[PDB]
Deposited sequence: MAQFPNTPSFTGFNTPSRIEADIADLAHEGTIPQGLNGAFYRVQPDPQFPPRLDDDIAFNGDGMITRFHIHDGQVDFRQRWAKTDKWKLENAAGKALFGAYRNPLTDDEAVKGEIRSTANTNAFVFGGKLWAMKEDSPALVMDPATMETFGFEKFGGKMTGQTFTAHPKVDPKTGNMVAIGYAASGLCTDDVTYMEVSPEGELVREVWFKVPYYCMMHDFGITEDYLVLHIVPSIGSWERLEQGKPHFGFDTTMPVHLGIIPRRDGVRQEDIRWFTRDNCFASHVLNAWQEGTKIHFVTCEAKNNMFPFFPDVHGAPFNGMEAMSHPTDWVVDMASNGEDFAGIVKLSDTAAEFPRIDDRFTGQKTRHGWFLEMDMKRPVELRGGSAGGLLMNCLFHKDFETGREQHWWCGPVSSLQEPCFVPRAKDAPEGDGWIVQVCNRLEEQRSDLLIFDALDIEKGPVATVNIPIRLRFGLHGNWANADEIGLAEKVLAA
């Protein structure tokens, strides 16, 4: 097929569309024997040229990559997430769905069909692989064969239209905790709060409303709460009619933080809202309670981080104000009123794609890992050029730079053992070797990243820009 000659489909964004298997990837260093499981990640990767003249990265069909690490080797498997969209377009031999989150640009033949590209997260839970996209139910897949089952509607018990791509697992119960925004239709202010049992049952679905419709991409959990930030990357049917990108950022609107009790029967009046001045924040490191306080650690920037979802008043993109920093939003459930108790910048390092040791989700975490944008580094080819580790107890920061002709994808923490202390284990992440037109899988000792990866695993396929990824042990994915 003939693709557009635009930035979104050329250079590093050239279509790939590869399904493949490789056993025992070539490598340098020592692949830890203690690793026995798989790292899953997803790349948007268009099956077909777009209906319109161009498209954005976030709109490519989900392609799932798995690195099966066992016995000191890494195996590679890559398969399409076969969404209803993928299936319909494959049968038709052409694109049928149009622009990002814009049904007004779809072929009439797919009116009412689920638009998901399943391209934002590759998550393992309850014996299934979840290929996730926040405008639709999640797509479920076999974690071992990587065949596709279909969309998870919980047998029809789910009443909302959508399911998050940023699920959290409650370590106390083992439940998956989820939201679904635009729950009653596009651009609506309805949201569902959901929990899924380890057995796969939808055990709670609570409807509530938020102050305004916006991209509710991420959220936090604590022991007793779901913590939902409301940030004004807004959308509307009018934007779609005016031919605009679905979302745009409004610098004039306030930011809110909603505290939802994680219990049956929660009502709107049970939800508490705090309010602060405008800023941008997308990803959540973690959240926790401490006394009467809630700590909500996010990567906060002064202004919009999505150039493709532009300022609603026409301002050009401000790269400097797009620099995000780990920041603790502190609210006090024992205060009166809506003010935050604190907004505390936690590092001067510019950072995004925050990760923790997920075994400690919703508890106070000593450690965090991030992708860092070090604008002081040489570049010989915004730029994510360092892995960054913060020890929040000691304050110590570690940085590893991938060099001047590379960039990095989201890290993932892998525990050494089920009983290991927080952070005792490894970091895995994809590295884009931009000049060599190829990719590496890097494995680090998670509490000593600054010495560099202990293994560099060569991938003889150029991987595309990725979103979120996750590790599962072999006995959780049918590979033991």
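Against the full deposited sequence, the model leaves out several stretches, namely 1, 383-389, 489-494.
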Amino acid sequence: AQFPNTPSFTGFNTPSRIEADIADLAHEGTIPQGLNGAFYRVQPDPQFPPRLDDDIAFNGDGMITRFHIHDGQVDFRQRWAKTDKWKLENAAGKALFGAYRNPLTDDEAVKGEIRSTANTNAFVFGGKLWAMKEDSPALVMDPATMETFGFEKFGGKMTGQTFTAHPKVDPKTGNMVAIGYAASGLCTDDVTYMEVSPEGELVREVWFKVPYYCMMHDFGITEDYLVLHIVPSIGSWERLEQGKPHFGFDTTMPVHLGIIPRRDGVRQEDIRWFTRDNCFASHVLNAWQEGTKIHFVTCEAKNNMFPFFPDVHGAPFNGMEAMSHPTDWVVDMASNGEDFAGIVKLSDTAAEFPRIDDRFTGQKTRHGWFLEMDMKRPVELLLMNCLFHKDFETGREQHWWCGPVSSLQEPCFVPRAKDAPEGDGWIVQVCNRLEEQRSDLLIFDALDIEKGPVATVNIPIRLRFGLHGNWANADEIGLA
From here on, numbers count along this sequence of modelled residues.
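Between 411-419 and 426-434, the higher mean Cα B-factor belongs to 411-419. When the mean C-alpha temperature factors of 132-140 and 359-367 are read from the deposited coordinates, 359-367 comes out higher. Within the listed group 101, 77, 204, 283, the record reports its top CA B-factor for 204.
Based on the entry's C-alpha B-factors, the most elevated value among 215, 379, 114, 228 belongs to 379. Per the PDB record, residue ranking by Cα B-factor puts residue 344 in the middle third of the chain. Sorting the modelled residues of the chain by their CA temperature factor places residue 452 in the highest third.
When all modelled residues of the chain are sorted by CA temperature factor, residue 86 is found within the lowest third.
Among the modelled residues of its chain, residue 399 has a C-alpha B-factor that falls in the middle third, as given in the PDB entry. The deposited CA B-factor of residue 270 belongs to the highest third of values across its chain.
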